[PDB]
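Have a look at the structure below, then the notes.
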Amino acid sequence: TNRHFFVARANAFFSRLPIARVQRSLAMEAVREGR
Amino acid sequence: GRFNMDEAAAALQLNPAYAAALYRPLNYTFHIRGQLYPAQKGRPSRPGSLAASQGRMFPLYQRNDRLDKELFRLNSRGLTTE
Amino acid sequence: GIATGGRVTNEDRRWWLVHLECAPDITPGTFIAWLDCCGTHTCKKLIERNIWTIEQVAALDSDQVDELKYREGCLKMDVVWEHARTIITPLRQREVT
Amino acid sequence: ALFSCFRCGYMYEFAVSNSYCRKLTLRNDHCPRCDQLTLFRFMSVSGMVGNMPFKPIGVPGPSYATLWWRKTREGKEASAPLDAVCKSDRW
Amino acid sequence: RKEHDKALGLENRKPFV
Amino acid sequence: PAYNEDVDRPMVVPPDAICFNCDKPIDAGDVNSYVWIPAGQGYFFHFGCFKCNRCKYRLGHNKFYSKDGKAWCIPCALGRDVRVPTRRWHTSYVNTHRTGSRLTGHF
Amino acid sequence: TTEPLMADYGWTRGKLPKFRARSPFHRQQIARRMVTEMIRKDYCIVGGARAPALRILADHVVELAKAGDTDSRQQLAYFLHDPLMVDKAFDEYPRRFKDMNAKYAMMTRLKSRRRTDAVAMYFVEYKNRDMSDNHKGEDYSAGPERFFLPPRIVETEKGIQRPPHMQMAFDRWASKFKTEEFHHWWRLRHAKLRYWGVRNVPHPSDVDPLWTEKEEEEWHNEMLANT
Amino acid sequence: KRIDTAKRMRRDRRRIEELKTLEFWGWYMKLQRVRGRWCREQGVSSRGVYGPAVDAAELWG
Amino acid sequence: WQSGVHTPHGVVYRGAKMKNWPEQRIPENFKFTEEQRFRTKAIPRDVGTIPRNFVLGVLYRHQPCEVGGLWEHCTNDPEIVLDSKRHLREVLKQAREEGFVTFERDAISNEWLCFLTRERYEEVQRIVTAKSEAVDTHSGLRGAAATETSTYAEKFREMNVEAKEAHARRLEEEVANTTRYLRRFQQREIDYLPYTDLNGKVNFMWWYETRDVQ
RNA sequence: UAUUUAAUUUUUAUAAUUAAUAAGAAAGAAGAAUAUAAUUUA
RNA sequence: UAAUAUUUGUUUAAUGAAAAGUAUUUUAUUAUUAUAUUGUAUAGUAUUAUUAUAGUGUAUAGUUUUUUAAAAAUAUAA
Ligand SMILES: [Zn+2]
Ligand SMILES: [Zn+2]
Ligand SMILES: [Zn+2]
Numbered sequence: 008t009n010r011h012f013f014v015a016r017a018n019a020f021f022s023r024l025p026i027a028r029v030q031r032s033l034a035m036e037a038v039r040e041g042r
Numbered sequence: 024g025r026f027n028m029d030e031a032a033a034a035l036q037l038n039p040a041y042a043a044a045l046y047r048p049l050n051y052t053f054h055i056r057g058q059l060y061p062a063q064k065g066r067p068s069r070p071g072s073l074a075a076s077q078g079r080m081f082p083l084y085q086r087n088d089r090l091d092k093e094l095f096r097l098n099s100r101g102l103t104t105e
Numbered sequence: 020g021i022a023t024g025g026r027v028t029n030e031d032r033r034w035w036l037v038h039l040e041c042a043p044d045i046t047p048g049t050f051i052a053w054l055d056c057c058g059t060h061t062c063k064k065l066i067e068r069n070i071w072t073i074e075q076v077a078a079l080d081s082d083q084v085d086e087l088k089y090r091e092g093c094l095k096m097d098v099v100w101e102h103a104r105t106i107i108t109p110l111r112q113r114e115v116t
Numbered sequence: 002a003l004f005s006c007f008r009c010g011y012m013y014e015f016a017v018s019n020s021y022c023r024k025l026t027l028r029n030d031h032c033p034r035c036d037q038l039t040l041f042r043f044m045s046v047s048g049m050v051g052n053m054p055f056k057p058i059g060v061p062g063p064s065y066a067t068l069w070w071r072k073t074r075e076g077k078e079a080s081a082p083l084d085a086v087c088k089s090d091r092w
Numbered sequence: 146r147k148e149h150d151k152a153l154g155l156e188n189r190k191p192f193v
Numbered sequence: 061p062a063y064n065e066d067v068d069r070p071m072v073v074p075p076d077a078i079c080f081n082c083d084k085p086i087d088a089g090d091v092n093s094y095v096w097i098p099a100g108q109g110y111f112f113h114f115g116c117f118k119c120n121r122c123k124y125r126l127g128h129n130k131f132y133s134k135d136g137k138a139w140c141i142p143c144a145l146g147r148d149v150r151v152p153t154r155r156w157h158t159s160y161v162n163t164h165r166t167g168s169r170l171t172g173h174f
Numbered sequence: 040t041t042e043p044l045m046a047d048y049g050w051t052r053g054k055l056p057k058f059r060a061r062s063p064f065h066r067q068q069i070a071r072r073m074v075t076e077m078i079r080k081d082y083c084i085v086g087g088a089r090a091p092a093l094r095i096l097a098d099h100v101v102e103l104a105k106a107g108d109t110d111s112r113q114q115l116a117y118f119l120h121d122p123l124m125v126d127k128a129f130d131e132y133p134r135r136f137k138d139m140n141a142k143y144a145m146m147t148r149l150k151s152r153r154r155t156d157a158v159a160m161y162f163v164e165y166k167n168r169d170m171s172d173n174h175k176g177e178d179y180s181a182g183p184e185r186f187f188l189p190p191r192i193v194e195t196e197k198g199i200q201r202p203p204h205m206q207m208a209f210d211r212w213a214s215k216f217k218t219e220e221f222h223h224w225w226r227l228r229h230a231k232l233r234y235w236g237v238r239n240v241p242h243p244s245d246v247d248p249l250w251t252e253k254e255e256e257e258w259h260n261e262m263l264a265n266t
Numbered sequence: 125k126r127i128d129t130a131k132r133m134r135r136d137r138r139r140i141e142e143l144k145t146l147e148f149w150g151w152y153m154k155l156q157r158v159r160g161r162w163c164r165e166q167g168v169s170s171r172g173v174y175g176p177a178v179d180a181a182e183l184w185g
Numbered sequence: 009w010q011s012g013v014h015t016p017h018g019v020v021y022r023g024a025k026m027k028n029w030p031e032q033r034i035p036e037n038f039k040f041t042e043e044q045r046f047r048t049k050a051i052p053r054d055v056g057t058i059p060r061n062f063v064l065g066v067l068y069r070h071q072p073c074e075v076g077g078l079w080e081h082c083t084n085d086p087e088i089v090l091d092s093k094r095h096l097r098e099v100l101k102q103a104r105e106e107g108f109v110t111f112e113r114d115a116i117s118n119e120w121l122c123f124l125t126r127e128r129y130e131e132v133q134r135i136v137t138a139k140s141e142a143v144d145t146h147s148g149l150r151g152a153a154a155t156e157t158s159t160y161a162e163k164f165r166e167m168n169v170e171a172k173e174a175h176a177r178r179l180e181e182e183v184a185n186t187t188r189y190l191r192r193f194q195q196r197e198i199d200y201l202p203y204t205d206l207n208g209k210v211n212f213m214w215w216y217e218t219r220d221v222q
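Protein chains in written order, with PDB author numbering: chain AT, 8 to 42; chain Bg, 24 to 105; chain BS, 20 to 116; chain Bh, 2 to 92; chain BK, 146 to 156, 188 to 193; chain BX, 61 to 100, 108 to 174; chain AR, 40 to 266; chain BU, 125 to 185; chain BN, 9 to 222.
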């Protein structure tokens, strides 16, 4: 399937969200409740 | 201060025509069968060109019988029981 | 911490302070190579500046820092610098008792 | 690779890469014992240079000869005389 | 001039292109 | 097995080695002219000197006898006078400098 | 594989591209002679998936050169067919690249392709050469005359001197092309290629030599003109 | 005759190959002595973009 | 080589330094964490002809030698080319390999001792002597007062007549103090550059000089 | 090789009123290639 | 059929070679110690084929023509 919604990808914009920050944030929330 | 095979042979007393014959195949010095390339063989003179022989275009690959008779085939006077 | 972009947020500080107690034996006189984002090249250029120490990297005037990361070129320098800035005081505290 | 010259049999070792494959059996190098250029032979195989991903580096395993040579040198009995000076992990 | 004359009075770095 | 692992024994050639048949010295390492036979005892022959000292012919199948420090061939050591080879006379089949002996020897 | 020499040749983006060869051993051999040649002579005209490989590998060599470590020296020494070029690699590149951290090698796609096959040609260079000791003013727009001569120098840069240990090596290497047995090798090569037959290879009686003495006495002349 | 010839040819090329080699090692050591001389005035440490202190530590050396 | 880290503080190995090698004062808060203690990769050292000749030249002046106390004998000379106890140790390793040195325990006490091998002992005699015949030509005291040279040689050959032994133990301390006093003015600079051989091994070329301070 | 099926004809902003069980400027590498859409770079 | 299959010349240890019954050596060439006379290089199997057959004799001449920028399935090996 060759359409535009499917082919186009958002990789280039990934700096707009802090992936590494949220992972560590939920690490904090992991140790806060003690899993 | 390079190698200079001639002065290397002169230092070793190796007969400088021989020393060079160590580093080319036995086809090019001694009478021995060997792979020859037909372009080396030589060509008769065309109207455009001159003659082509393997005397002028390959002096250093031609056979020397000084070396051949002194190395390979036997002397007769060593065997003469007469 | 390690992978943060741009400015270092305060939350990120919390991370470092958490991992302070993660490693039981640490002193402000520890070698540079225990820091986040201190590579080979980043350690070496600090050494020729006569800096072996977490205290010593916490002693930087920030115009030593930038020419460390611009004129010289140890990248991610402000990360390790700031990493010192945070952690040097708690370390002294844990050193006393 | 373990190398010894023909004349004094001076033993030493260095890794041989894939670039040097034509030099593996015979070397020419300077001996400390007879000082001048000599000719070295390959007695025993030791180790690779490179290793493939997700594979141990330490198993082209060097032979018993080389490990004997690193027992006799650099061993309990070999270091014990020298430990009074250096104890090589220390300066 | 005065500096080569000091050098000469006592009597490499960038090659001349 | 290949490449005898020689760490325990240097296997260097002594310059004071002389020929076992002709009692003349050996040019040490620079030439393959000498046939060296390690017994895993050094035995040094010249190339021309590998032959028998009794009949002066080749040593068959490269196995020999030695009496009074001089090498004899087995037919000449077994008390037999039948003497002449078919193939060649005054040289030997041997491979120079230990390469014939390195096949099977002390490892 | 994250180690800045050892190569991973795949097609996935984490891996640098595999250029076609017989074996990964063969790929390594090829890569090694490419890197050796590029370190010896700053540019390589290189076709195919080979050139990006050369780019990345050259960047790795400059990284090792900046390391300036005995382990780095040794690991680069494992990699090259030339020991001498390793010394060149640790003398030149640090001063050359001291102001740059990233992308040390320039790749330029050429608009000409091999006649032999459709594969494109890339021109791979080291970057800034005005900081280099032996490559200081050289012109690569066209080749030198006979390929054992030192390459073209820009008109404004003529008077440049090079590290003596390099032109010693270069002259020693170039001095075996003036002996007549090379000329015999040349004619005999004509014979060979003509036999295997390859078109447009003249008969060995038409092949007049690369090196004569008149041409040498003018070449050395202009060479001391550059000196 | 040809046994002797076959060894006569294989001994002396072995002889002169060393003459290639010893002069080549002589030359390479001449070369490296040239590097030894030249890298002094230019101030080349050949140890990287790092100053003497870096290697002086010897932790990285 | 830095006195604070590689070794306990306040220690100075006395010997020749390396050119442009700074001594940078390390604060003592200092320690590695336990997994960083195993890093420690030494720069290789010169095991070549010169330091071998020097350590031999020392090992000749005392036929038995205490391994543990050798460093100070080494430092005792005006001629030191050597850096750390490490540098010494390696030189002894390869000197052991060359067959110039055999290690024997004498044990009565725990002492470990160096013997110059009976096989190579000729060579060493050449080496020492050769050193002795060069430096007397380069000593600035000669060709000024010849009475000094004669008063020195005559008295030594006449002192060797009764007991020359005590004269030596009396002599070497003036050597130690002369060396220690001279060290304030001038140091021996060890200069090094790396190269690669034909077999493709990285090894260093060395040369030594002496720079003056005042 | 013919039929027959399956895939493709190289980003279609979008999808399904029914059949049966869907298509906007163009080719080198889709990567300037060692997973950042430039890590400052002469 | 066929814009098809094939070919595709980026790195040599084929050292050696009498038994080949074809290949313009323009003068291939002793300086001999010997006598006259005669003769020395690449074509086996329709090929510059997979690659020869055999008898010499020897061990460091590296003794120097194999294309290519994704994935299936086929062929090897892990
Ligand atoms: Zn030796
Ligand atoms: Zn004999
Ligand atoms: Zn017999």
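Ideal Cβ placement from N, Cα and C applies to all residues, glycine included.
(message) Please return the same chain residues whose Cβ sits closer than 6 Å to the Cβ of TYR132 of chain AR, not counting the five positions on each side in sequence.
(response) Taking the first residue of the seventh sequence as 1, we reach residue 132 of chain AR at position 93. Cβ within range, chain order: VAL101, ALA104.
(request) Going by DSSP, name the residue or residues bridged to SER45 of chain Bh. (result) Reading the fourth sequence from its first residue, position 44 is the one you call residue 45 of chain Bh. Answer is Bh:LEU3, bridged to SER45 of chain Bh.
(request) Return no unless some Cβ of chain BU is closer than 9 Å to the Cβ of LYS209 of chain BN. (result) For this step, residue 209 of chain BN is matched to residue 201 along the ninth sequence. No, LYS209 of chain BN lies away from the interface with chain BU (no Cβ there is under 9 Å from its Cβ).
(request) Would you mind giving the Cβ-Cβ distance between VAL163 of chain AR and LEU119 of chain AR, rounded to the nearest angstrom? I have them listed as a contact below 8 Å. (result) For the purposes of this step, residue 163 of chain AR is identified with residue 124 of the seventh sequence, where counting begins at 1. For the purposes of this step, residue 119 of chain AR is identified with residue 80 of the seventh sequence, where counting begins at 1. Wrong, their Cβ atoms sit about 17 Å apart, outside the cutoff.
(message) Please list, in chain order, the chain BS residues whose beta carbon lies closer than 8 Å to that of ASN140 of chain AR.
(response) For the purposes of this step, residue 140 of chain AR is taken as residue 101 along the seventh sequence, with counting starting at 1. Within chain BS, the residues near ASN140 of chain AR are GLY92, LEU94.
(request) Give a yes or no on whether the minimum CB-CB distance between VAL50 of chain Bh and chain AR is below 9 Å. (result) Locating residue 50 of chain Bh in the fourth sequence gives position 49, counting from the first residue. At least one chain AR Cβ lies under 9 Å of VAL50 of chain Bh.
(message) Looking at chain BS, is there any beta carbon in it that lies within less than 9 Å of the beta carbon of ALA157 of chain AR?
(response) To locate residue 157 of chain AR, count along the seventh sequence from 1; it is residue 118. No, its Cβ sits nowhere closer than 9 Å to a Cβ of chain BS.
(request) Classify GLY109 of chain BX as buried or exposed, calling it buried when 16 or more other Cβ atoms lie within 10 Å of its own Cβ. (result) Along the sixth sequence, read from residue 1 onward, the residue named residue 109 of chain BX stands at position 42. By the neighbour-count rule (16 or more Cβ atoms within 10 Å), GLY109 of chain BX is not buried but exposed.
(message) I'd like to confirm the pairing. Which residues does DSSP put opposite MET145 of chain AR in its beta bridges?
(response) Counting from 1 along the seventh sequence, the entry for residue 145 of chain AR is found at position 106. According to DSSP, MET145 of chain AR bridges with AR:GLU164.
(request) Compile a chain-ordered list of the residues in the segment 28–48 of chain BN whose CB is closer than 8 Å to at least one CB of chain Bh. (result) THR48
(message) I need the residues with a C-beta less than 7 Å from some heavy atom of ligand 2; please give them in chain order.
(response) BX:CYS79, BX:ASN81, BX:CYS82, BX:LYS84, BX:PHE112, BX:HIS113, BX:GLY115, BX:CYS116
(request) Could you run through the segment 141–157 of chain BU and flag, in chain order, every residue whose CB is less than 7 Å away from some CB of chain Bh? (result) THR145, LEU146, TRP149
(message) Can you determine whether any heavy atom of ligand 1 sits closer than 8 Å to the C-beta of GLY10 of chain Bh, and answer yes or no?
(response) The residue labelled residue 10 of chain Bh in the question sits at position 9 within the fourth sequence. The answer is yes for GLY10 of chain Bh.
(message) Output needed for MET205 of chain AR: all residues of its chain with C-beta closer than 6 Å, excluding positions within five of it in sequence on either side, in chain order.
(response) Residue 205 of chain AR sits at position 166 when you count from the first residue of the seventh sequence. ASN173.
(message) Using a Cβ-Cβ distance cut-off of 9 Å, determine whether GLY57 of chain Bg contacts chain BU.
(response) To locate residue 57 of chain Bg, count along the second sequence from 1; it is residue 34. Taking Cβ atoms only, chain BU never reaches closer than 9 Å to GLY57 of chain Bg, which makes this a no.
(request) Please determine, among AR:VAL158, AR:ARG168, AR:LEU115, AR:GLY236, the residue with the shortest C-alpha to C-alpha distance to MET45 of chain AR. (result) Walking along the seventh sequence from the start, residue 45 of chain AR turns up at place 6. Of AR:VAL158, AR:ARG168, AR:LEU115, AR:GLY236, the residue nearest in Cα terms is AR:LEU115.
(request) Just tell me which of AR:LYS231, AR:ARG153, AR:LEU188 has its CA closest to the CA of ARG211 of chain AR. (result) As a first step, residue 211 of chain AR is located in the seventh sequence; it is residue number 172 there, counting from the start. The shortest Cα separation from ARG211 of chain AR among AR:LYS231, AR:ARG153, AR:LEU188 belongs to AR:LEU188.
(message) Would the segment 113–124 of chain BN count as touching the segment 67–75 of chain BN if we require 3 or more Cβ pairs under 8 Å?
(response) yes
(request) Give a yes or no on whether 9 Å exceeds the smallest Cβ distance from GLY18 of chain BN to chain BS. (result) If you number the ninth sequence from 1, residue 18 of chain BN lands on position 10. With 9 Å as the cut-off, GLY18 of chain BN does not count as an interface residue toward chain BS.
(message) Comparing C-alpha positions only, which one of AR:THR109, AR:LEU149, AR:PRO63 sits nearest to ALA90 of chain AR?
(response) In the seventh sequence, residue 90 of chain AR corresponds to position 51, counting from 1. The candidate whose alpha carbon is nearest that of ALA90 of chain AR is AR:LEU149.
(request) Report whether the distance from the Cβ of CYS32 of chain Bh to the nearest heavy atom of ligand 1 is below 8 Å. (result) Along the fourth sequence, read from residue 1 onward, the residue named residue 32 of chain Bh stands at position 31. Yes, Cβ of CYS32 of chain Bh sits closer than 8 Å to a heavy atom of ligand 1.
(message) Using CA atoms only, rank isn't needed, just tell me which of BN:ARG196, BN:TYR203, BN:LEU201 is closest to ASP220 of chain BN.
(response) Working through the ninth sequence from its first residue, we reach residue 220 of chain BN at position 212. The residue with the shortest Cα to Cα distance from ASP220 of chain BN is BN:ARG196.
(request) Find the residues of chain AR that neighbour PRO54 of chain Bh, judging by a C-beta separation of less than 8 Å, and give them in chain order. (result) Translated into positions along the fourth sequence, residue 54 of chain Bh becomes position 53. The contacting residues are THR40, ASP47.
(request) Taking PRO82 of chain Bh as part of the beta strand (DSSP E), name the residues at either end of that continuous run. (result) Along the fourth sequence, one-based indexing puts residue 82 of chain Bh at 81. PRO82 of chain Bh -> not in any beta strand (DSSP E); alpha helix (DSSP H) instead, spanning 77–83.
(message) Quick test of the definition: if touching needs 3 or more C-beta pairs under 8 Å, does the segment 117–134 of chain BX touch the segment 153–170 of chain BX?
(response) yes
(request) Could you work out which residues of chain Bh lie near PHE111 of chain BN, taking near to mean beta carbons separated by less than 7 Å? (result) As a position in the ninth sequence, residue 111 of chain BN is number 103, starting the count at 1. Residues of chain Bh passing the Cβ test: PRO82.
(request) Could you tell me whether any non-hydrogen atom of ligand 1 is closer than 8 Å to the CB of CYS57 of chain BS? (result) Here residue 57 of chain BS refers to the residue found at position 38 of the third sequence. Checking every heavy atom of ligand 1 against the Cβ of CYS57 of chain BS, none is found closer than 8 Å.
(message) Just verifying my parser: in three-state terms, what is the DSSP assignment at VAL85 of chain AR?
(response) Working through the seventh sequence from its first residue, we reach residue 85 of chain AR at position 46. In the structure shown, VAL85 of chain AR sits in a strand (DSSP, three-state: E or B).
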